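# Close look at the chain arrangement
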Amino acid sequence: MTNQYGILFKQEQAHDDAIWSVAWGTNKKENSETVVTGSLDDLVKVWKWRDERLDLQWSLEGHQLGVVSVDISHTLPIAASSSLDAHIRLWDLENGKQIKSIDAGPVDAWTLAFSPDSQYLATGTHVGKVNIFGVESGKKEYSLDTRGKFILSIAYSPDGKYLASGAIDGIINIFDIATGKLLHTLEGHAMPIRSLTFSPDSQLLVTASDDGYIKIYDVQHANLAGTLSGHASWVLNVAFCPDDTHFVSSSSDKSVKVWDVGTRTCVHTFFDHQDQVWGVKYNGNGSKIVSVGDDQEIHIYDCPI
Amino acid sequence: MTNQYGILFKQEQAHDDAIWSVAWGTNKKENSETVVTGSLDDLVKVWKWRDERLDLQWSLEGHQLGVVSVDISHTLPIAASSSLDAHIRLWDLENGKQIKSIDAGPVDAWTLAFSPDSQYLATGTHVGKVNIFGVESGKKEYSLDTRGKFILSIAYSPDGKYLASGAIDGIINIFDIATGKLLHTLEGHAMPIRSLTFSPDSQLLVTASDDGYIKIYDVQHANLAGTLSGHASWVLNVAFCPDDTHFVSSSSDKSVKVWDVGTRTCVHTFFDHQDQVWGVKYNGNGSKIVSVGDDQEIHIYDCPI
Amino acid sequence: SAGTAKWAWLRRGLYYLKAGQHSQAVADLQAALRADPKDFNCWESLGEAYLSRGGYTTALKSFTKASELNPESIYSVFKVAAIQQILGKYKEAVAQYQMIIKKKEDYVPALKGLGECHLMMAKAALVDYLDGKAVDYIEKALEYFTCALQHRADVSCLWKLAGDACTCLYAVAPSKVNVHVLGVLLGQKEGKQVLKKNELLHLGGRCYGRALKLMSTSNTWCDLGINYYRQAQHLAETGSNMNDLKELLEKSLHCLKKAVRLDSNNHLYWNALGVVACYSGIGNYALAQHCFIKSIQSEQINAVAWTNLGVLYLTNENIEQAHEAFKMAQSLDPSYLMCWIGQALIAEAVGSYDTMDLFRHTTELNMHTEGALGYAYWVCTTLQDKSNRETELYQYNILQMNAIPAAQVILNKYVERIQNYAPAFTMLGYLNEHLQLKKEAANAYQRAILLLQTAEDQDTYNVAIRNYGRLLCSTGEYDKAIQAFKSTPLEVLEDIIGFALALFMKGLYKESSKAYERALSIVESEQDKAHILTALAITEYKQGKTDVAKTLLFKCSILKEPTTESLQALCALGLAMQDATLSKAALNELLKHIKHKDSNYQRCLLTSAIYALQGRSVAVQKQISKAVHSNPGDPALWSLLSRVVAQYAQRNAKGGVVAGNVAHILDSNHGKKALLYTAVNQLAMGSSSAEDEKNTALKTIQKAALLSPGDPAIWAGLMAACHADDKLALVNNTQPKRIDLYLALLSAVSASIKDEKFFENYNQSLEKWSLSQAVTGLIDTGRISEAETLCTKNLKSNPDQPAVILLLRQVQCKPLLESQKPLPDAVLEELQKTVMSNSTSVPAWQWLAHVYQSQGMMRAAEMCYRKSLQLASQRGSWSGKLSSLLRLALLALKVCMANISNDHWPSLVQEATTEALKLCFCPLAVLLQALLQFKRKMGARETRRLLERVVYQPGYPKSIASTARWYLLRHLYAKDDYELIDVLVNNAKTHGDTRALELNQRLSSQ
Amino acid sequence: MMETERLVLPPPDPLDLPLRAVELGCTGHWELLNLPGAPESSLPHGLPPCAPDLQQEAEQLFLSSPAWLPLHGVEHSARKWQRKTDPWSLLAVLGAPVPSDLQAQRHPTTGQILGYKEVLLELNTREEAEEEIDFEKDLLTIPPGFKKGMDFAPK
C-alpha cells in the first residue's frame, strides 16, 4: 500500500568535511530550486538543482570556523549563516558576495531562523533569551526572555504570531510575536531538544529530542497528540511537509525515516547514508527530500505525493 | 619408571608488571626454541631455551599502551606484536630492529595470527572485521566482513582454507580462505570466547569460553561433540600439541589443566601462579608447556608423550 | 452538424432532467456543452444533472468550470463550495463561505454552511481528546447560528442545528466550558452572556423544543429525548440532586416513546430507547432488552444494538452469552471499539493472559476512556511486581512495545477528560517519575493532594503527601518540601527518611542526624539498616567530626552482611582524608566477596584514585589499561583511559588519542567527553602526524563543541587550539588565521562556568587559566589596549592577586623592549620583585630571563634559567625541565656566536646538551652540539662527520635538517670538494629547499 | 646580576642565519624558525585543565549527599492501586439526521434563483401516524440467533 520511494541523485563529495545544515528554497516564482549547505569549513556552497541534477553555482566563504546553521529566504534572494566564529554575516546569493556582518559570540547566537516575511532573523543566545536582529535595518532591537538554560532551536509558525524555542535540559517555550509575552511553557523531554518545527497553518508543533522520541504537541494549548518512538539513537532534525500529512526525521543512527501525522506511523525508512545525518528538508510543493550527512554526501530522494 | 610432570623452571621477575601474551617458535631446527613475551609494557622480551633455562637475549620496545598479543612465525624467523593503540610491529628476531611498523586505524587490529606459509598475518577488529595485512609487502590486502560484535580471538587453520573467529557476544564464524564465502555461523555460547584453536590435521575445532566451559566442534558439520566443565573461573587460552592427543587450558582461577580429547577428562592440573594465568603454549613437540600469569612469572612445565 | 444547436440540446436536456431519465439528460447536456463549451448555464445544469444521480466529482469539476467565468454569481460559488464541503476538506469551504460573506452579508445558506463546518470540526476534535478546541469551535458555531437566526427565524433547520451544536458538549469535564452566547438565544436580546455546562444543555433543550413546535417530525423528537437524557446524566453525575430528576427522565422516555411509535421501522429510535431505558435512575431492563431486539430485527447490519446487548448481559453476570453477543457484533463490523473493550473486560473477568494485549489494541484503535484506564492500570501493576524481569511478559510487553510512553500519553488524555479521580493522577505521576519528567510528576502529585484533602486520609492522603514532598525535594524547592513533610504523621519509615533528606539538602545537619536516628530505631529489612547507617555517616561527616562517621561505618561493616554501598562510602571517606590506609583494606574487602555490581567504572575509578593518593602517578594509567583489557567493551573505560593519560603521564599522547577515538566509535552518547579528551591529547602531542587535514585538534574540538556546547572545558580547548594553529601556521609562513576571537570565548567560558553545581577548585583553575591565556593571546596578536583594559578591570574588581599583576607587567612591557631601548634599574627591580613574589611557576622565570637576554644580561639570564630548571625538577614536572635546559643551551650558544673570550660558555653548552640527550633524543640539542663544534675549531673531519650524520639520517624535522644542510654546505665549500657539493645538491633536490641551493648559486661564482 | 651590561655587534656575520626556537606541545617536539625574535613558544601556560582530578571527583560522587543510596530511589515504596471497572460507559447512542435541506427555487425558463425554500427530505397522542405500540403488554425476550434471553422481574 505504500508508494514508490527512491533516490534521484547522489553527490559524491560536496565538501571536504562534515555537513552540518541544509536549506531548500524555491524562493522565486519561477523554477529556482536553490540549495544552501554549510559544513565544517568556511564554505557555504550554493548548489542549484536545475533539471535532473545538482550543479554547483557559488562557493562563497568568509568564515573562520565551521558553520553550525544556515538558512535561506523564500521572498528575497538572500542567505544567512552563523558559526563558532562569532559572526552572523549574511550573503547575497545573487553575486556570491557578502552583504553585512553582525558581531555576536557563542553567548549571543547559536542557530538561525528567518522571519516568514524575511525581516527579523531571530537567533538563540546562551543565557536563555532569544535575540531578534534586524535585516536591512541594523542590529539587536529586542530580545524575548525565558529564565532557563542554553537555548538551541528556534522556529516560526508560517503565519507569524508564534515563536518556539527548545533548550538544553528539555523545557520548551512558546512566545507570541504580537505582544512578546510567554504564553505557556511545555516541559517536554529530559534531554536537549536541538530541533523543532511547526506545520503549515501553524496548529501542530513537532519536536525531536535527544533521547529518541518525537513528541507531537498541539499549539494554543499543552495537549500532546502522541509520542513517535522508532529510532535507535539521537534525533537531530525534523522537517515538516508542505501539506499537513507527513514529515521527515533524521537520526544519528544513519537512517532517514518519513512519518505521517494522521495515523502516527512510519511509512518509509531510508537506509542509504553511512554516517550521522545532520539535515533533511522538503522542496516547494513537497515531493523530494534533501539529506546532508556527517559523511560528505548530499542525497536527493523521491517521495511521491 | 614413570616420568611425572615437573615444574622444571621458574622465572621470578620476567617483566615489571603483568604478562599477557606468550609465543613459542621452533623456527630454528637446531636448539633455539625462541620464546617471546608481551607484558603490559612497551617492552617485549625474547628468551631462548638453551639447555635447561631461559637466558635473555634482548628486550625491545616502543609501544604506547600495554601489548595484548604477540606471535612468532614458524617458516621464517620473524615476530609480530600488536598493542592497545592498534599499532602493529614486526621484529626481525635476529637483531631486534623493527623491520616494519604496520599502522592501523582507531579500530583496525586487536590480536594477530600468522598464515601457515607466513604470508598474511590476519587480525581482528573492534567492529567485527577480520581484515588481513599482507606481511612485509602489502597493507590492508582485503577485509573479510561479518555482522556482529567485538571479535576478541582468532584461530586459523594449520592445513589451510579455514579461519575461525570468536566474538564478544559468544558466536563463532568460520570463513574459508579459498574464496572468502562465509561458510556457516555457529551460535556457540552467551559469553565471550577469548581463545580459538584448530587441530593438526585440521578437522577438530576447540573453543574456550568465559563461563568455564570448553567446546569441541567438528569442522565438517556443526556437531557439538563435546563439553568440558572443570575450570571454576573463566578460561583464557587453549592450545593443542603436534599430535591429536590432548590440549592445555588456562583458567583465570590460577589453574592450568591438561585435558584430553580421547577420554574428555583432566589428566593433570598444576598449582602455581598466585595471580591469574593469561597464556599457555606448546613447544615444537609434546615435551614442554609454557604458562605466563598475571603475576610476573614465566613457567615451563614438562609432559612426556 | 457540429454544435450550433445549443438551444435545442438545452430544451431536450431539461425535458429529460425534469423527468427521472438521468442518463438521457446527461447525454443531452454533454452534447450541449460540446455545442459551445463556454456557456456557464450548460456547465451548471450538467453539474446539477450529475448531482441528482450518483456522481459527485464530475459534477464538482463541471460546477467549478461554470463558476470560473462570471464569478459574480453567488449561487455558482455557493454550489462549488457545498460540493467540495460534502467530501470533507472543510477548511477550504470555510474560506470560500467567508469570502462570500465578505461580498454579501445577508446570505443565510453561507452562515448555515459556516456553522455546519465549525460543528463538524468540533465533533472531529471530540473524537480525539482536544477539548479546548472543541469548546472554542462550538462557541464560534453558536455565534454563526444566532447571526443566521437573526435574518430568517421561521426555518426549522437553523434551530435544529443550533440545538445540536450546543448540546454536543456533553462529557466535556465541566469547569472547562464557558460559552459566550449572545442575543436572541437567551430570550431578550441584551449584550452577551457566559454560560456554564448545565445552562448550555438547558438552552439546547429549549432550542430543540422551539424547532419541534413548528415542524413535528420523528428525528427532532428523538434528538430532544437524547438531550433530556444528557441533561439528567449531567445532573446526577455531579451529585447535585437525586429523586428530583424523576420527572425529567419521564419526559425523556415520553419523547423517545413518541418518536418510536411515530415510525417503528428505524433502528435508531429503538436503539436510543433501549439505551435510555436502562439508565440507573429508571432501571427497566426488560424494556431495554426488548428494544435492542427490535432494533436488531428492524435492520440486520447493526453493531450498536449487539454491543449494547452484550454490555447489558455482561453487567448482569452473563459472561458467556455477552461474549457471544460481542462476537456477533464484531463479526458485523470489525473496527467498532466498544465490542473490543467488552471483549477485554470479559477476558479480565475470567482471568485470561491476553487482557493486556487486548487493552493495548483498544488503546491503539481510537482512545476510549475505559480502555485507557484499564491499560494504564495494567502497565503500572506489571511495573510494580519485581519478580517479573525475566518472564518474557514484562520483557516483551514493556521493553518491546514501548508500553510506558504510550501509557503516559493515554493517561494524559484520560486525565484531561475526567480530572476528578485521584488514582489516575497518582498513576500519571508514577509513570512520569519513570520517564524522569520530574516536574510533571510533581504537578500530578500536587493535584492529587488537592483532590484528596477531604478523603478518609489514612492510606490515601499521607502517602500522596510523602510522594509529593519527596519528589519536590528531588528538584530544588527545599523549603516547600520541608513544609509538606511537616503536615504528615512522622511515624512511618518513609516519611521520616524523606524529612531527613530534605533537611539535609537545606542544611540543618543536626536536625537531619536526629531524624535519621529516629528512623534507625524503627528498622526491619536490614538493607534499610545499612543504608541508614551510611546516610548517618555522610550527614555527620558534612559537619566535620569524621572519626565518629568512620567508626559508625565500621559498625555497619560488623553487621552480618555488607551492602556494597557502605564500603564505597568508606573508601571515599578514606580518600577525603590523607590517611590512605583504611582505604586499601576497604577496597580489598569490597573486591573480595562482591561481584553482583555491574558498573565496572566506579571500581576502576576508586582503585585509580587510591594509587594517585600515594603520589605514584604512573601506575594509575597502567591500572586503567589493565581494566580496559579485562573488558574490551564498555566505552566508558576507554574514555577514562583517555582522560587519565591526558592528566597523568602525558607522554603517551598517541595512545590517548587512539583510546579516545575508540571510545567515541563504540557508541554516540559518550561522544562529548571522549572528543574533549582526544582533542586535549592532540594539543599535547604537537604535530606528530602526516600533516593530514580533517584530523587536527581544531577539528575534533569543533566537533565536541557542536555535540555539547554547555561545558566550560570545550571553549578553553578551543582557545588553546586556535593559538597552537596560529603558531604552526606562523612557522609554515602561509597566513595567520582566526585572529581576534579570544574575548568572546572568555565570555563563553565564564558564562558556562556560572551554572555548574560545585567543583570549586576545578572552576577556579579553569577561570584563571582562561584569563591568562586570553591576555597572552591578545598581547601576541597585537591588541595591547584591550589586554591592558582587561587587566585593569580585573584588578579593579578585587584586591591584588600575584598572578594578574604579572600579566599587567607583561602587557605594559611589550612596546618597550620590542624596539631597542635602554631600561633603568628601577624597572628591572620592579619586574624582578613581581616575578619573585609569584614564584613556583616556571613560565614566569623563563619570561624574566628572556627579558634579561633581550636587554643583555647573559650571566643573569643563565642564573634565572638555572633556578627555573631546579624549580621544575623539584616539582617532578618533565616538559619544563627539557624546555629550560634547551633554552639555556641556546643562550650559551648565542653568546658564543660573537666569538667572545672567557671560554666558559662552550662548557655550559656541552653540559646542557649532554643532559638533554640524557633525557631524550632532542634533534635541536644535537644540532646545537654541531653548531658549537663548528664555531670552535671549525675543522675538517669530525665536524663534517657530525653534520653529515645530522643531515643524512631520516626521521628529522625539516627546518633543523635545512639549517644543518646549509652549514654543512658552507663547511664543504670551505674545504673544496665539488663531488660532495653536487651530492648535497641532489640531496636538496630530492627534498624541498630554496635556500641551500641559493647559497650554492651565490658561492659558485665568488 | 654581575655584568650589568653587554655590548655585542648586531650584524655579526651577514651570511649565517639567526636561530628561532619554537616549541610545540608538552611531549618534546621543537622546531626552528629563521627570522630573529622572541622565543615564541606554543601553549605558554600549559594544557587547558580538563575534567577534575580523581580524588575530589570520587568524594563528590559518594559524599555529596545520601540521595544516591538505593534507599531514596523510585522503588522502595511498593505502592498499590485499586481497579474499578465501569461497563456502563460502553453504551453508544447515535443521532438522527436533519430532514430538510433549504433547496433553491428556479424560474421555469431562463432559470434564476428566486429564493431558498425549506422542504422535507424523504401524552398529547397525535393522530398523524401513531399506531399505539404497547411497551408493557408482551415483551419480546429472545435475541435473534441465541437460544435464550433473560427474564427480569417486572416493575
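Residues numbered from 1 in each chain as written, not as in the entry; some residues may be left out. Chains lettered and ligands numbered in written order. Heavy atoms only, no water. Residues with missing side-chain atoms left out of burial classes, pairs and counts.

Structure determination for this PDB entry is given in the record as cryo-EM, at a resolution of 3.8 Å.

Per the domain assignment, the segments of chain C are domain 1 (232-299), domain 2 (598-696), domain 3 (709-795), domain 4 (816-931) and domain 5 (937-1006). Between domain 2 of chain C and domain 4 of chain C, the C-alpha centre-to-centre distance is 35 Å. (Domains from an automatic or database assignment.)

Among the nonpolar cores identified, the biggest contains 110 residues, and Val379(C), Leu383(C), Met427(C) and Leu431(C) are the most heavily contacted of them. Ignoring any residue separated from it by four or fewer positions in sequence, one finds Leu431(C) in contact with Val379(C), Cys380(C), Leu383(C), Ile404(C), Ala407(C), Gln408(C) and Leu411(C). Membership of the second largest hydrophobic core comes to 73 residues, among which are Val68(B), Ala481(C), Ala502(C) and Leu641(C). (Core = buried A, V, L, I, M, F, W, Y, C linked by side-chain atoms within 4.5 Å. Buried < 20%, exposed > 50% of the residue type's maximum accessible area, 1.4 Å probe, protein only. Contact = heavy atoms within 4.5 Å.)

Between chain D and chain C, the contact holds 114 residues from the first and 167 residues from the second. Contributing elements (two or more residues each) for the side of chain D that touches chain C: β1 (20-23), β2 (30-33) and α1 (54-63) of chain D. Considering every element that reaches the side of chain D that touches chain C, the biggest residue donor is α1(D), with 10 residues. Residues belonging to the side of chain D that touches chain C are distributed by class as follows: 66 nonpolar, 25 polar and 23 charged. (Helix = DSSP H or I, 4+ residues; strand = E, 2+ residues; numbered from the N terminus. Nonpolar A, V, L, I, M, F, W, Y, C, P; charged D, E, K, R; others polar.)

Residues and elements named next belong to chain C. Its 13 residues give helix α24 (residues 462-474) an end-to-end C-alpha distance of 18 Å, which sits within 8% of 18 Å, the value for a rise of 1.5 Å per residue. Among the 13 residues of α24, 10 are classified as buried, and the element is accordingly described as predominantly covered. Where α24 is concerned, the buried positions are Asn462, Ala464, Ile465, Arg466, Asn467, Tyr468, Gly469, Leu471, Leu472 and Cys473. Its buried side turned inward, α24 meets α22 (422-434), α23 (438-452), α25 (478-486) and α26 (493-506). Remark: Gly476 follows α24 within two positions and exhibits a positive phi of approximately 55°. (Expected span 1.5 Å × (residues − 1).)

Let us now look at the pattern of salt bridges. Per the counting criterion, the structure on display carries 31 salt bridges over all chains. Where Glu44(C) meets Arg106(D), a salt bridge forms, and the shortest distance between an N and an O atom there is 2.6 Å. With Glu44(C) in helix α3 (residues 40-52) and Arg106(D) in the loop between β3 (103-104) and β4 (116-117), the pair connects residues from two separate chains. Under the relative-accessibility criterion, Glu44(C) is labelled buried at 11%. Across the salt bridge formed by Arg466(C) and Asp495(C), the nearest N and O atoms sit 2.8 Å from each other. Taken together, the residues span a long stretch of sequence, with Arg466(C) in helix α24 and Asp495(C) in helix α26 at a distance of 29 residues. Each member of the pair, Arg466(C) together with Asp495(C), is buried. By sharing partners, the salt bridges in this structure join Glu44(C), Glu48(C) and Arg106(D) into a single network. (Salt bridge = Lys/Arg side-chain N within 4 Å of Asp/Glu carboxyl O.)

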